[PDB]
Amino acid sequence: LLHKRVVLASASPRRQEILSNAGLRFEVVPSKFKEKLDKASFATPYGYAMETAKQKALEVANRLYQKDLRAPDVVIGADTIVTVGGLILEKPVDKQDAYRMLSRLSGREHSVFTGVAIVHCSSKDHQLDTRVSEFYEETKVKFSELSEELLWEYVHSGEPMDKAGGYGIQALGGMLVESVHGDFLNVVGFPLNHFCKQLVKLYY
């Protein structure tokens, strides 16, 4: 992945930071996948995440190809979701939808699923051929019993309006997050360790 053209199919700054801190240089081409699938049409939440990440990356690969006629070597997609008692929580639409989210996470242990898709692209016969490997990572996260005192002061953050489930763990999330169990970078947005473990089995 030194010589290979790598692009990242997300505009999330926290994913960029994780990958760039790891030494990987990549282009950032956010995906135009405005569509989002049906959650009930999947067996498991991480299945819905791995597919949403697949479509994000394939939208980027088929847009770069049919516009530059360049097939990027690798396209990376990712989708981070949250589940509470089975119900799937994506990212909020307005500030008080964060409340409806945050009020449900409160006092409870939930899962963070991030499905990743590594799309290897090659061009032949004016067609973009795609070989896509998918995987996911789960991290359990416990929220302390949250009063609405810290709830509104935490929606007034402006912080949760982009995150999955309406929360982060580093800035102001410290009062929210009692404990996490599993890959912690997966909570922040990208399961970096599992991602580097994957690549070596596709190559070797």
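Heads up: residue numbers just count along the shown sequence, starting at 1.
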- Note on the structure: Entry B factor averaged over C-alpha atoms, 113-121 against 83-91: higher for 83-91
- Query: Would 157-165 or 139-147 have the larger average of its C-alpha temperature factors, as given in the entry?
  - Reply: 157-165
- Item | Largest Cα B-factor, entry values, listed residues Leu102, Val132, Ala78, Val74 | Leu102
- Query: Which has the highest CA B-factor per the PDB entry: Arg63, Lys54, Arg70, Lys34?
  - Reply: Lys34
- Assigned third (lowest, middle, highest) for the C-alpha B factor of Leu172: highest
- In terms of its chain's C-alpha B-factors, the third that includes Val188 is the middle
- Note on the structure: Binned into thirds over the chain's modelled residues, the C-alpha B-factor of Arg25 lands in the highest
- Task: For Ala11, return the chain-relative third of its C-alpha B-factor as stated in the PDB record: lowest, middle or highest.
- Result: middle
- Query: Should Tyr48 be placed in the lowest, middle or highest third of its chain by the C-alpha B factor in the entry?
  - Reply: middle
